[PDB]
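Presented below, as structure tokens, is a lone chain in the form deposited in one PDB entry.
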């Protein structure tokens, strides 16, 4: 309903389908730089149930829910309310999700996810990071057959593991 007005504002070529570029330009990451294109790509492919390279209005109500939900999480854990998420808050956010990860390891996470290069993670980078972690966990989980947080794999199962990431 109110969602239709949003859709019409975002669908700038009035095609009836919201493309990557369109969704990108309707989202801010709180740093006055374009929203992470990879993040946009992931959100599109998530809800696009055709091979459309975009989302229609029905699919878009899903996207709108997804982004709003990700905003709740991000604002909850950015408690000094700066707009970025820091080492401590990232530790909190992933701890809230159920990850049990060492403090130093969050050094790597920040280095890997933060496009801004400022020791902190923006909203767009934050979504991708979490998405990438779900994926790595899904894969790991296929190989940790007795569920004790350990895997023994051969060279070939490793390669096919890394290749099933994609």
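Here, rigid core means the biggest group of C-alpha atoms that superpose within 1.5 Å across both forms. Positions refer to the first chain, counted from 1.
What follows is about the form deposited with a partner chain bound, which we do not show.
Point to revise | residue 13 within 4.5 Å of its partner chain in the deposited complex, heavy atoms | key: Answer no; every heavy atom of residue 13 is more than 4.5 Å from its partner chain in the deposited complex.
Check your understanding: With a 4.5 Å heavy atom cut-off, would you call residue 46 a contact of its partner chain in the deposited complex?
Key -> Looking in the deposited complex, residue contacts with its partner chain include residue 46, since a heavy atom lies within 4.5 Å.
Review point. Can you check whether residue 66 is within 4.5 Å of its partner chain in the deposited complex, heavy atom basis?
Key: So residue 66 counts as contacting its partner chain.
Review point. So in the deposited complex, does residue 141 come within 4.5 Å of its partner chain, heavy atom to heavy atom?
Key: Yes, residue 141 sits close enough to its partner chain in the deposited complex that at least one of its heavy atoms falls within 4.5 Å.
Review point. With both forms fit on the core, is the shift of the CA atom of residue 144 between this form and the one not shown 2 Å or larger?
Key: Shift at residue 144: 2 Å or more after core fit.
Check your understanding: Do you see a C-alpha shift of 2 Å or more at residue 157 between this form and the one not shown, with the core held fixed?
Key -> Residue 157 C-alpha, core-superposed: shift of 2 Å or more.
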